Amino acid sequence: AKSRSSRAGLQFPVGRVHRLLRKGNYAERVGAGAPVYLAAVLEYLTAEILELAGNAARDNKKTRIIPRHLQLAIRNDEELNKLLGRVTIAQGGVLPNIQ
Amino acid sequence: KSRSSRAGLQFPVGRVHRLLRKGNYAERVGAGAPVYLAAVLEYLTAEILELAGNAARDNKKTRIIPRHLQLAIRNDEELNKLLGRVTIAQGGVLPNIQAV
Amino acid sequence: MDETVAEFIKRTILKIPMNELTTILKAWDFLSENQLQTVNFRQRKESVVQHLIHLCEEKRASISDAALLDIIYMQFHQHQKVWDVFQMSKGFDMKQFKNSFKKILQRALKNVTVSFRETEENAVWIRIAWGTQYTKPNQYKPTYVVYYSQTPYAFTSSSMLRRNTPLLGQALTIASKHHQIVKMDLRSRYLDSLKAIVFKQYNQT
Amino acid sequence: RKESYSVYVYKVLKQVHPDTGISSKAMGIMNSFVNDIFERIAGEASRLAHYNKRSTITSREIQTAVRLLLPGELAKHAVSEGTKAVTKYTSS
Amino acid sequence: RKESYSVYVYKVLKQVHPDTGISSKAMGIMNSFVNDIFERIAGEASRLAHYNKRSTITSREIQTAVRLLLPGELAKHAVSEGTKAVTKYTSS
Amino acid sequence: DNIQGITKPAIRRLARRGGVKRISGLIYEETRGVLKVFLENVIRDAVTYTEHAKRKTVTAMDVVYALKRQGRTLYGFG
Amino acid sequence: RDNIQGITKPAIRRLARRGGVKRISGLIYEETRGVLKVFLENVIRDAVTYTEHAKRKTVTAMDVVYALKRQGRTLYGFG
Amino acid sequence: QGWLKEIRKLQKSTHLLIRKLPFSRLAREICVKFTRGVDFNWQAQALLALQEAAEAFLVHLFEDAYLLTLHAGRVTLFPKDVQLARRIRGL
DNA sequence: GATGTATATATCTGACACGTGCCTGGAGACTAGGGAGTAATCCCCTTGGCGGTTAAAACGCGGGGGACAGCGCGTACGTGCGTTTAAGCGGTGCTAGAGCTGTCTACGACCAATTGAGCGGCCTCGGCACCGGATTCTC
DNA sequence: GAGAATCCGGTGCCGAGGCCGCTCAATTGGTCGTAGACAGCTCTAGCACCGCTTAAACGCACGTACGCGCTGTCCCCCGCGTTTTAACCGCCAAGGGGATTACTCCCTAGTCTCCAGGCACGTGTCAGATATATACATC
């Protein structure tokens with residue numbers, strides 16, 4: 001009768017993350033406040049990378065996100081390049097890099 | 001009657017089974033797995049210590065010191081790929097000299 | 001977000017009286033009721049709307065949600081405007097009608113703004129913001145169409161901006177499953193008299 | 001019967017952008033993004049339930065896992081946003 | 001009260017060598033060796049209890065984890081020795 | 001053959017993507033060599049999973065998991 | 001007052017002789033003092049976190065071993 | 001010139017630089033040599049996955065190994081450069 | 001041929017291999033209930049092949065572009081040597097801090113009903129990919 | 001100072017987003033065992049410091065072994081034009097096995113109970129460390 005994400009003020013789910021964190025066998029006891037925090041962290045990460053992707057999408061006069069835009073939005077930003085270092089995005093290509 | 005001596009091993013079996021119960025790895029642990037695991041660990045331990053003891057013998061010393069394990073790991077080919085991201089305390093290096 | 005829709009939402013809520021502003025914001029269904037509980041409803045109106053915009057600064061905004069707020073504002077102030085009555089002839093789900101009308105209108109001119117809202121007796125309230133092929137659509141002079149699925153009748157709001165009246169008429173006739181559109185003498189202020197003068201004739205043809 | 005994370009990424013994209021569409025292939029990338037970060041953090045925080053000889057995963061362990069698994073400014077923004085979510089979760 | 005693996009490494013060394021002593025520091029290395037390989041294999045085989053949607057760890061999963069975590073000839077000798085241990089464990 | 005499908009202009013385009021201005025001639029052997037010593041370490045690390053779940057079919061998730069264990073995490077194809 | 005010059009002009013020379021370098025150049029003495037410093041941050045910031053979590057003001061050896069294991073450069077000999 | 005246009009062109013598009021069926025026949029030939037006798041089915045997406053990984057790996061290898069030819073004053077790659085670039089990492 | 005370069009032993013020094021006491025974690029026993037292994041099935045995804053085209057690869061050729069080898073000036077680096085400074089031993093104090101032993105309580109597993117949020121199938125229509133056309137740029 | 005690079009427009013096409021049916025998994029709610037926060041006490045091991053002392057760094061003067069720019073030579077990839085060729089598209093058949101369900105059964109988990117093994121402690125005593133002194137290897 002009342003949603004968990006609506007109490008959380010978020011958009012990613014909470015019950016699904018809690019279900020995976022019980023069924024994944026990560027610990028034998030799961031605290032209640034944990035997956036709300038974890039879903040908020042995941043929401044902020046996806047929001048950051050899509051917020052960086054959409055600007056490059058409008059830069060190429062497009063409105064439909066292709067993987068090249070995600071490749072550029074990962075590789076141009078410094079801290080996401082620190083995070084997603086050993087990841088080859090599929091259908092991605094490389095940066096324009098000469099000499 | 002102990003499960004170490006029943007399978008003819010030297011590494012313990014009850015301790016490995018205790019660490020597989022309380023290790024949060026799966027909900028149920030079989031009985032045929034930890035004897036296999038202790039056998040593999042015993043084989044790897046013997047594989048290291050044979051080369052370590054031979055390198056200690058060739059340096060005319062009756063005691064094993066970490067420089068000898070360093071030489072035995074870095075001279076073997078298989079353990080060079082198994083332990084390729086390993087630093088060893090009191091290690092030293094190989095005697096590497098190269099010219100132009 | 002852009003810094004244009006905030007002035008529109010602020011001006012729209014400044015037009016709302018304090019007698020039913022909580023009714024408007026509960027019926028609009030866009031903010032959390034805890035944030036309704038946070039806002040003081042006892043100070044003057046020149047800061048309540050500032051606090052409500054500052055709520056809407058953070059979470060979500062669009063032009064579509066502001067347009068739907070404008071629709072709900074217009075649905076409770078029918079005494080202000082003066083209406084016009086149309087009818088189609090020469091010839092059903094409403095989703096295909098919404099898609100067909102949108103497309104058509106967006107193929108007619110470059111910049112338009114269309115907004116729908118579902119109301120009972122199969123009613124649909126259609127807000128249209130006209131524009132040109134070089135300018136932004138003027139939000140402050142809308143055009144409202146009350147359309148019914150069963151009856152071929154449609155109630156039409158007047159506006160300052162004419163010259164798009166036969167374009168809207170032909171686009172809504174092609175957007176519906178019809179070929180003819182008329183323009184009767186019926187131009188009055190209250191919707192219930194037009195409702196009666198249509199439905200006494202239509203239910204008892 | 002085989003779930004995914006497409007709908008939620010679509011809702012976040014329609015939140016922080018008005019009408020920017022996303023293709024059905026790149027959305028798949030987002031699945032393999034956020035079935036991956038959840039594998040790291042909620043994996044690695046499990047390790048911190050083992051070094052301190054505990055059995056629970058509270059918010060504090062996830063907070064330290066976010067402090068570890070992310071570089072500086074992104075980690076600061078994430079830890080500032082997560083407790084902001086938790087505090088408005090507690091007073092329900 | 002804080003256990004280790006010194007006694008067993010000492011027994012294996014006195015088995016495969018007559019009188020070769022081992023110092024109290026290098027033995028510590030052996031602890032951090034074999035509290036590490038056990039972290040890999042019995043960690044990684046747990047992952048193969050999750051991709052196939054199971055809940056047990058039998059001998060077959062540990063066998064495949066040894067096939068993965070070791071290079072060729074050493075893995076062949078290890079898988080040849082482990083089943084040799086298991087078969088004389090079964091007929092107890 | 002079954003190795004000469006990776007022709008000279010294929011490796012040439014693989015180099016010209018990488019920013020290489022001028023290419024020598026012996027590269028066209030060693031690259032093929034290193035290509036083989038890559039793919040082997042992806043194949044058997046895949047197919048062991050295929051031999052675990054007793055099926056004769058290598059799924060895409062098996063190759064993604066082999067590259068996961070190898071070090072180079074692949075996205076998208078999950 | 002120098003605070004990084006405890007790394008001396010010949011201690012870098014001893015590390016280069018262990019590495020097997022015949023003849024060091026000049027400004028290496030100003031370069032290596034950078035690099036080491038950066039590496040220590042990516043241990044100590046990664047090792048002050050674990051000891052912050054267990055409510056301990058003492059930075060034990062196991063914490064540095066865990067931080068070095070998490071970086072990727074596994075250390076064995078201590079514990 | 002010519003190459004200055006080709007570097008600008010190939011770094012823009014995101015195609016597959018290797019043809020499908022020779023790469024598929026090579027992958028099947030390697031898969032036959034392990035655990036012989038039986039064949040092995042391949043899903044049509046898995047070969048595309050392995051091809052994308054191999055192309056990204058080889059492009060990253062050449063782009064990493066090129067920096068040891070500007071460093072020596074040269075312009076041109078050599079197999080010494082590629083073998084040294086693999087020697088640095090530890091692969 | 002004097003300077004290393006390996007070896008004999010001096011002894012002295014402490015780690016270490018070993019012996020004992022002992023606490024507690026591993027073995028024996030057995031029930032029980034979910035995990036799964038085997039059996040059948042049916043479709044669905046893959047494999048094999050015919051055929052025709054069309055980009056794409058292979059091959060000669062010549063020409064400039066670049067790698068390589070020698071070389072002279074010189075300067076930045078190794079080395080020898082007196083000083084002076086900071087690092088180690090080691091010894092004292094001595095107290096903050098790990099840890100660990102009880103407790104009690106909030107808290108999270110555990111479970112029966114129930115319903116809507118999200119997943120599967122479908123259907124456009126606008127976004128986009130490609131093809132052809134009009135406006136700039138360096139040799 | 002004109003073929004090549006960039007922007008623009010038109011048209012097919014096809015996948016992206018909206019829509020409906022539905023079902024099963026997430027919600028709500030009440031129960032109980034217990035994991036861990038919290039306090040206080042106890043041993044210990046890390047820090048501060050100081051005197052000495054001495055081993056190494058510091059500073060410098062100098063000789064000279066590479067760093068580097070230059071230049072001559074010779075070979076060797078790249079662009080170009082022609083010929084050849086196999087990759088691909090679309091289709092069509094067919095069939096091997098991947099995914100699903102049933103069903104029994106068996107094998108691991110929990111709890112209790114008993115005691116043999118692995119850990120902490122203590123101690124003589126051999127292995128080597130370093131040190132001096134003396135027989136070989138060498139540019």
# chains A, B, ... in the order shown; residues from 1 in each chain; ligands from 1

call {"tool": "residues_around", "arguments": {"residues": "range 5-8 of chain F", "least_positions_apart": "2", "cutoff": "12 Å", "atoms": "only C-alpha atoms (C1' of nucleotides)", "output": "PyMOL selection string"}}
result
(chain F and resi 1-3+10-15+23-29+31-33+35-36) or (chain H and resi 17-27+55) or (chain I and resi 56-58) or (chain J and resi 86-87)

call {"tool": "write_last_selection", "arguments": {"atoms": "C-alpha atoms (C1' of nucleotides)", "output": "mmCIF file, in the first residue's frame"}}
result
data_model
loop_
_atom_site.group_PDB
_atom_site.id
_atom_site.type_symbol
_atom_site.label_atom_id
_atom_site.label_comp_id
_atom_site.auth_asym_id
_atom_site.auth_seq_id
_atom_site.Cartn_x
_atom_site.Cartn_y
_atom_site.Cartn_z
ATOM 1 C CA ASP F 1 45.293 -21.592 -43.401
ATOM 2 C CA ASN F 2 42.671 -20.545 -40.818
ATOM 3 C CA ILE F 3 45.025 -17.849 -39.494
ATOM 4 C CA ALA F 10 43.001 -5.671 -41.013
ATOM 5 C CA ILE F 11 46.058 -5.269 -38.779
ATOM 6 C CA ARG F 12 46.787 -2.004 -40.584
ATOM 7 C CA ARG F 13 43.387 -0.579 -39.622
ATOM 8 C CA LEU F 14 43.860 -1.908 -36.085
ATOM 9 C CA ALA F 15 47.081 0.086 -35.950
ATOM 10 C CA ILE F 23 54.177 0.664 -39.598
ATOM 11 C CA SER F 24 57.040 -1.775 -40.123
ATOM 12 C CA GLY F 25 56.713 -5.142 -41.818
ATOM 13 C CA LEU F 26 57.457 -7.831 -39.246
ATOM 14 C CA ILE F 27 54.554 -6.689 -37.008
ATOM 15 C CA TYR F 28 52.176 -8.676 -39.242
ATOM 16 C CA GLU F 29 53.582 -11.889 -37.790
ATOM 17 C CA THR F 31 50.607 -9.486 -33.747
ATOM 18 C CA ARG F 32 49.068 -12.660 -35.170
ATOM 19 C CA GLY F 33 51.183 -14.567 -32.678
ATOM 20 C CA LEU F 35 46.482 -12.677 -31.016
ATOM 21 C CA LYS F 36 46.671 -16.445 -30.675
ATOM 22 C CA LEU H 17 37.602 -3.803 -37.998
ATOM 23 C CA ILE H 18 37.865 -7.599 -38.400
ATOM 24 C CA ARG H 19 35.630 -9.647 -40.691
ATOM 25 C CA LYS H 20 33.206 -12.113 -39.117
ATOM 26 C CA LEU H 21 33.712 -15.571 -40.626
ATOM 27 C CA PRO H 22 37.566 -15.783 -40.558
ATOM 28 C CA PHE H 23 37.504 -14.789 -36.895
ATOM 29 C CA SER H 24 34.743 -17.314 -36.239
ATOM 30 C CA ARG H 25 36.659 -20.100 -37.987
ATOM 31 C CA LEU H 26 39.767 -19.200 -35.977
ATOM 32 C CA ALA H 27 37.827 -19.302 -32.697
ATOM 33 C CA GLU H 55 39.660 -5.738 -31.033
ATOM 34 C "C1'" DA I 56 37.867 -5.954 -50.194
ATOM 35 C "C1'" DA I 57 42.217 -8.043 -50.282
ATOM 36 C "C1'" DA I 58 46.608 -9.309 -53.069
ATOM 37 C "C1'" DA J 86 35.722 -14.652 -50.575
ATOM 38 C "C1'" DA J 87 32.388 -12.316 -47.199
#

call {"tool": "interface_residues", "arguments": {"of": "chain J", "to": "chain G", "cutoff": "12 Å", "atoms": "only C-alpha atoms (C1' of nucleotides)", "output": "PyMOL selection string"}}
result
chain J and resi 45-46+56-58+65-67

call {"tool": "write_last_selection", "arguments": {"atoms": "C-alpha atoms (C1' of nucleotides)", "output": "tab-separated table (two decimals), in the first residue's frame"}}
result
chain	number	residue	atom	x	y	z
J	45	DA	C1'	53.88	-2.07	23.75
J	46	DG	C1'	54.60	2.55	21.47
J	56	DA	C1'	77.21	7.91	6.51
J	57	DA	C1'	76.01	11.96	4.10
J	58	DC	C1'	77.60	16.56	2.50
J	65	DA	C1'	82.35	8.96	-20.66
J	66	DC	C1'	78.26	9.67	-22.67
J	67	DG	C1'	74.32	13.12	-24.91

call {"tool": "residues_around", "arguments": {"residues": "residue 126 in chain I", "least_positions_apart": "6", "cutoff": "12 Å", "atoms": "only C-alpha atoms (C1' of nucleotides)", "output": "MDAnalysis selection string"}}
result
(chainID A and resid 63:64) or (chainID C and resid 99 102:104 106:107) or (chainID D and resid 21) or (chainID J and resid 13:17)

call {"tool": "write_last_selection", "arguments": {"atoms": "C-alpha atoms (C1' of nucleotides)", "output": "PDB file, in the first residue's frame"}}
result
ATOM      1  CA  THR A  63      18.833  12.824 -28.857  1.00  0.00           C
ATOM      2  CA  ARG A  64      19.289   9.027 -28.814  1.00  0.00           C
TER       3      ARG A  64
ATOM      4  CA  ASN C  99      -0.916  10.359 -31.256  1.00  0.00           C
ATOM      5  CA  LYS C 102       0.092  15.444 -31.905  1.00  0.00           C
ATOM      6  CA  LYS C 103       1.931  14.204 -34.973  1.00  0.00           C
ATOM      7  CA  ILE C 104      -0.270  16.140 -37.360  1.00  0.00           C
ATOM      8  CA  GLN C 106       3.876  18.889 -35.111  1.00  0.00           C
ATOM      9  CA  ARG C 107       4.035  18.269 -38.865  1.00  0.00           C
TER      10      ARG C 107
ATOM     11  CA  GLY D  21      15.950   8.876 -25.731  1.00  0.00           C
TER      12      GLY D  21
ATOM     13  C1'  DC J  13      12.995   1.941 -42.432  1.00  0.00           C
ATOM     14  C1'  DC J  14      12.943   0.038 -38.199  1.00  0.00           C
ATOM     15  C1'  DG J  15      13.641  -0.054 -33.623  1.00  0.00           C
ATOM     16  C1'  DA J  16      11.920   2.947 -29.008  1.00  0.00           C
ATOM     17  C1'  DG J  17       8.387   4.050 -26.444  1.00  0.00           C
TER      18       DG J  17
END

call {"tool": "atom_distance", "arguments": {"atom1": "CA of residue 9 in chain B", "atom2": "CA of residue 37 in chain B"}}
result
10.9 Å

call {"tool": "interface_residues", "arguments": {"of": "chain A", "to": "chain D", "cutoff": "6 Å", "atoms": "only C-alpha atoms", "output": "PDB file with N, CA, C and O atoms, in the first residue's frame"}}
result
ATOM      1  N   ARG A   7       9.224   6.124   0.242  1.00  0.00           N
ATOM      2  CA  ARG A   7       9.788   6.552   1.517  1.00  0.00           C
ATOM      3  C   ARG A   7      11.230   6.988   1.341  1.00  0.00           C
ATOM      4  O   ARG A   7      11.684   7.936   1.989  1.00  0.00           O
ATOM      5  N   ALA A   8      11.962   6.302   0.463  1.00  0.00           N
ATOM      6  CA  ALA A   8      13.368   6.611   0.258  1.00  0.00           C
ATOM      7  C   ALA A   8      13.575   7.908  -0.508  1.00  0.00           C
ATOM      8  O   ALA A   8      14.665   8.484  -0.431  1.00  0.00           O
ATOM      9  N   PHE A  12      15.789   4.193  -7.905  1.00  0.00           N
ATOM     10  CA  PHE A  12      16.149   2.785  -7.938  1.00  0.00           C
ATOM     11  C   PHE A  12      15.378   2.020  -6.866  1.00  0.00           C
ATOM     12  O   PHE A  12      14.994   2.591  -5.843  1.00  0.00           O
ATOM     13  N   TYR A  26      26.227 -12.834   0.903  1.00  0.00           N
ATOM     14  CA  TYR A  26      27.299 -11.932   1.280  1.00  0.00           C
ATOM     15  C   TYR A  26      27.500 -11.860   2.779  1.00  0.00           C
ATOM     16  O   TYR A  26      28.639 -11.761   3.234  1.00  0.00           O
ATOM     17  N   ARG A  29      23.377 -11.976   7.857  1.00  0.00           N
ATOM     18  CA  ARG A  29      22.437 -11.062   8.481  1.00  0.00           C
ATOM     19  C   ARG A  29      22.543  -9.732   7.760  1.00  0.00           C
ATOM     20  O   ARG A  29      23.649  -9.214   7.582  1.00  0.00           O
ATOM     21  N   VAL A  30      21.410  -9.188   7.335  1.00  0.00           N
ATOM     22  CA  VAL A  30      21.374  -7.972   6.534  1.00  0.00           C
ATOM     23  C   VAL A  30      20.677  -6.886   7.331  1.00  0.00           C
ATOM     24  O   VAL A  30      19.505  -7.038   7.694  1.00  0.00           O
ATOM     25  N   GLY A  31      21.388  -5.796   7.599  1.00  0.00           N
ATOM     26  CA  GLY A  31      20.776  -4.671   8.273  1.00  0.00           C
ATOM     27  C   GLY A  31      19.756  -3.984   7.388  1.00  0.00           C
ATOM     28  O   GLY A  31      19.828  -4.034   6.163  1.00  0.00           O
ATOM     29  N   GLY A  33      18.825  -0.653   7.143  1.00  0.00           N
ATOM     30  CA  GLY A  33      19.167   0.612   6.519  1.00  0.00           C
ATOM     31  C   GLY A  33      20.172   0.535   5.390  1.00  0.00           C
ATOM     32  O   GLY A  33      20.392   1.542   4.712  1.00  0.00           O
ATOM     33  N   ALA A  34      20.777  -0.635   5.168  1.00  0.00           N
ATOM     34  CA  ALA A  34      21.848  -0.745   4.176  1.00  0.00           C
ATOM     35  C   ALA A  34      21.395  -0.591   2.724  1.00  0.00           C
ATOM     36  O   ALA A  34      22.004   0.227   2.010  1.00  0.00           O
ATOM     37  N   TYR A  37      20.686   3.063   1.386  1.00  0.00           N
ATOM     38  CA  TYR A  37      21.940   3.776   1.163  1.00  0.00           C
ATOM     39  C   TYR A  37      22.626   3.300  -0.109  1.00  0.00           C
ATOM     40  O   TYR A  37      23.109   4.113  -0.907  1.00  0.00           O
ATOM     41  N   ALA A  40      20.814   4.529  -3.160  1.00  0.00           N
ATOM     42  CA  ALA A  40      21.074   5.947  -3.381  1.00  0.00           C
ATOM     43  C   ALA A  40      22.444   6.169  -4.012  1.00  0.00           C
ATOM     44  O   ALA A  40      22.597   7.041  -4.881  1.00  0.00           O
ATOM     45  N   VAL A  41      23.441   5.377  -3.604  1.00  0.00           N
ATOM     46  CA  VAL A  41      24.775   5.474  -4.205  1.00  0.00           C
ATOM     47  C   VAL A  41      24.734   5.080  -5.676  1.00  0.00           C
ATOM     48  O   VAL A  41      25.315   5.764  -6.536  1.00  0.00           O
ATOM     49  N   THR A  63      19.634  12.998 -30.057  1.00  0.00           N
ATOM     50  CA  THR A  63      18.833  12.824 -28.857  1.00  0.00           C
ATOM     51  C   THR A  63      18.720  11.371 -28.421  1.00  0.00           C
ATOM     52  O   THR A  63      18.057  11.092 -27.415  1.00  0.00           O
ATOM     53  N   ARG A  64      19.346  10.444 -29.135  1.00  0.00           N
ATOM     54  CA  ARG A  64      19.289   9.027 -28.814  1.00  0.00           C
ATOM     55  C   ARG A  64      20.690   8.562 -28.453  1.00  0.00           C
ATOM     56  O   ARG A  64      21.615   8.686 -29.262  1.00  0.00           O
ATOM     57  N   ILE A  65      20.845   8.034 -27.242  1.00  0.00           N
ATOM     58  CA  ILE A  65      22.157   7.681 -26.708  1.00  0.00           C
ATOM     59  C   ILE A  65      22.654   6.400 -27.368  1.00  0.00           C
ATOM     60  O   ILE A  65      21.997   5.356 -27.298  1.00  0.00           O
ATOM     61  N   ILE A  66      23.814   6.484 -28.009  1.00  0.00           N
ATOM     62  CA  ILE A  66      24.508   5.344 -28.600  1.00  0.00           C
ATOM     63  C   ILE A  66      25.702   5.056 -27.694  1.00  0.00           C
ATOM     64  O   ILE A  66      26.037   5.918 -26.869  1.00  0.00           O
ATOM     65  N   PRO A  67      26.345   3.882 -27.761  1.00  0.00           N
ATOM     66  CA  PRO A  67      27.462   3.605 -26.838  1.00  0.00           C
ATOM     67  C   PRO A  67      28.683   4.495 -27.007  1.00  0.00           C
ATOM     68  O   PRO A  67      29.470   4.607 -26.058  1.00  0.00           O
TER      69      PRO A  67
END

call {"tool": "interface_residues", "arguments": {"of": "chain F", "to": "chain A", "cutoff": "8 Å", "atoms": "only C-alpha atoms", "output": "JSON list (two decimals) with C-alpha atoms, in the first residue's frame"}}
result
[["chain", "number", "residue", "atom", "x", "y", "z"],
["F", 17, "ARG", "CA", 42.98, 3.35, -34.95],
["F", 19, "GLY", "CA", 47.44, 6.44, -33.64],
["F", 71, "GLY", "CA", 40.91, -9.01, -15.71],
["F", 72, "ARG", "CA", 39.40, -7.11, -18.65],
["F", 73, "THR", "CA", 35.80, -6.54, -17.60],
["F", 74, "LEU", "CA", 33.37, -6.40, -20.53],
["F", 75, "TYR", "CA", 30.06, -4.55, -20.39],
["F", 76, "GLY", "CA", 27.02, -4.51, -22.63],
["F", 77, "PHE", "CA", 26.80, -8.14, -23.69]]

call {"tool": "interface_residues", "arguments": {"of": "chain I", "to": "chain D", "cutoff": "12 Å", "atoms": "only C-alpha atoms (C1' of nucleotides)", "output": "list in words"}}
result
residues 107, 108, 117, 118, 119, 120, 126, 127 and 128 of chain I

call {"tool": "residues_around", "arguments": {"residues": "residue 127 in chain J", "least_positions_apart": "2", "cutoff": "12 Å", "atoms": "only C-alpha atoms (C1' of nucleotides)", "output": "VMD selection string"}}
result
(chain B and resid 60 to 64) or (chain E and resid 20 to 23) or (chain I and resid 12 to 16) or (chain J and resid 125 129)

call {"tool": "closest_atom_pairs", "arguments": {"of": "chain H", "to": "chain B", "cutoff": "12 Å", "atoms": "only C-alpha atoms", "output": "Markdown table"}}
result
| residue | atom | partner | partner_atom | distance |
| --- | --- | --- | --- | --- |
| H:89 | CA | B:84 | CA | 10.8 |
| H:90 | CA | B:84 | CA | 7.8 |
| H:91 | CA | B:81 | CA | 9.1 |

call {"tool": "write_last_selection", "arguments": {"atoms": "N, CA, C and O atoms", "output": "PDB file, in the first residue's frame"}}
result
ATOM      1  N   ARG H  89      54.218  -4.851 -18.720  1.00  0.00           N
ATOM      2  CA  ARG H  89      52.992  -5.133 -17.978  1.00  0.00           C
ATOM      3  C   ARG H  89      53.124  -6.397 -17.140  1.00  0.00           C
ATOM      4  O   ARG H  89      53.002  -6.359 -15.910  1.00  0.00           O
ATOM      5  N   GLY H  90      53.366  -7.533 -17.790  1.00  0.00           N
ATOM      6  CA  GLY H  90      53.491  -8.797 -17.092  1.00  0.00           C
ATOM      7  C   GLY H  90      52.481  -9.828 -17.546  1.00  0.00           C
ATOM      8  O   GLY H  90      52.162 -10.767 -16.809  1.00  0.00           O
ATOM      9  N   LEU H  91      51.980  -9.664 -18.767  1.00  0.00           N
ATOM     10  CA  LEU H  91      50.924 -10.519 -19.302  1.00  0.00           C
ATOM     11  C   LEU H  91      51.462 -11.875 -19.744  1.00  0.00           C
ATOM     12  O   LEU H  91      50.866 -12.542 -20.594  1.00  0.00           O
TER      13      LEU H  91
END

call {"tool": "interface_residues", "arguments": {"of": "chain H", "to": "chain F", "cutoff": "8 Å", "atoms": "only C-alpha atoms", "output": "PDB file with C-alpha atoms, in the first residue's frame"}}
result
ATOM      1  CA  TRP H   3      47.102   8.597 -43.296  1.00  0.00           C
ATOM      2  CA  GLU H   6      42.467   7.690 -42.164  1.00  0.00           C
ATOM      3  CA  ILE H   7      43.291   8.309 -38.499  1.00  0.00           C
ATOM      4  CA  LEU H  10      38.738   5.330 -38.203  1.00  0.00           C
ATOM      5  CA  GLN H  11      38.716   7.016 -34.795  1.00  0.00           C
ATOM      6  CA  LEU H  17      37.602  -3.803 -37.998  1.00  0.00           C
ATOM      7  CA  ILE H  18      37.865  -7.599 -38.400  1.00  0.00           C
ATOM      8  CA  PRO H  22      37.566 -15.783 -40.558  1.00  0.00           C
ATOM      9  CA  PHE H  23      37.504 -14.789 -36.895  1.00  0.00           C
ATOM     10  CA  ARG H  25      36.659 -20.100 -37.987  1.00  0.00           C
ATOM     11  CA  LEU H  26      39.767 -19.200 -35.977  1.00  0.00           C
ATOM     12  CA  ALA H  27      37.827 -19.302 -32.697  1.00  0.00           C
ATOM     13  CA  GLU H  29      39.751 -24.023 -34.589  1.00  0.00           C
ATOM     14  CA  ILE H  30      41.128 -23.023 -31.185  1.00  0.00           C
ATOM     15  CA  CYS H  31      38.077 -24.480 -29.427  1.00  0.00           C
ATOM     16  CA  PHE H  34      40.781 -28.355 -26.205  1.00  0.00           C
ATOM     17  CA  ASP H  39      32.172 -30.204 -31.148  1.00  0.00           C
ATOM     18  CA  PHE H  40      31.074 -27.050 -29.346  1.00  0.00           C
ATOM     19  CA  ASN H  41      28.047 -24.937 -30.110  1.00  0.00           C
ATOM     20  CA  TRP H  42      28.551 -21.172 -30.088  1.00  0.00           C
ATOM     21  CA  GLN H  43      25.769 -18.685 -29.617  1.00  0.00           C
ATOM     22  CA  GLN H  45      26.318 -13.236 -29.625  1.00  0.00           C
ATOM     23  CA  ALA H  46      29.293 -14.884 -27.887  1.00  0.00           C
ATOM     24  CA  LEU H  47      31.553 -14.717 -30.928  1.00  0.00           C
ATOM     25  CA  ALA H  49      31.548 -10.577 -27.613  1.00  0.00           C
ATOM     26  CA  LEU H  50      34.936 -12.228 -27.984  1.00  0.00           C
ATOM     27  CA  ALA H  53      37.201  -7.916 -26.574  1.00  0.00           C
ATOM     28  CA  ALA H  54      39.981  -8.927 -28.978  1.00  0.00           C
ATOM     29  CA  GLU H  55      39.660  -5.738 -31.033  1.00  0.00           C
ATOM     30  CA  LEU H  58      44.728  -5.133 -29.802  1.00  0.00           C
ATOM     31  CA  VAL H  59      43.914  -1.441 -30.310  1.00  0.00           C
ATOM     32  CA  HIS H  60      44.929  -0.691 -26.724  1.00  0.00           C
ATOM     33  CA  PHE H  62      49.191  -0.840 -30.339  1.00  0.00           C
ATOM     34  CA  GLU H  63      48.303   2.533 -28.823  1.00  0.00           C
ATOM     35  CA  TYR H  66      53.476   3.251 -29.994  1.00  0.00           C
ATOM     36  CA  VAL H  75      58.492   7.072 -36.051  1.00  0.00           C
ATOM     37  CA  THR H  76      57.986   3.406 -36.888  1.00  0.00           C
ATOM     38  CA  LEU H  77      56.973   0.437 -34.732  1.00  0.00           C
ATOM     39  CA  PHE H  78      59.079  -2.716 -34.400  1.00  0.00           C
ATOM     40  CA  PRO H  79      58.499  -6.146 -32.827  1.00  0.00           C
TER      41      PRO H  79
END

call {"tool": "select_by_dssp", "arguments": {"residues": "chain A", "states": "strand (DSSP E)", "output": "PyMOL selection string"}}
result
chain A and resi 64-65+87-88

call {"tool": "interface_residues", "arguments": {"of": "chain J", "to": "chain E", "cutoff": "10 Å", "atoms": "only C-alpha atoms (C1' of nucleotides)", "output": "PyMOL selection string"}}
result
chain J and resi 108+118-120
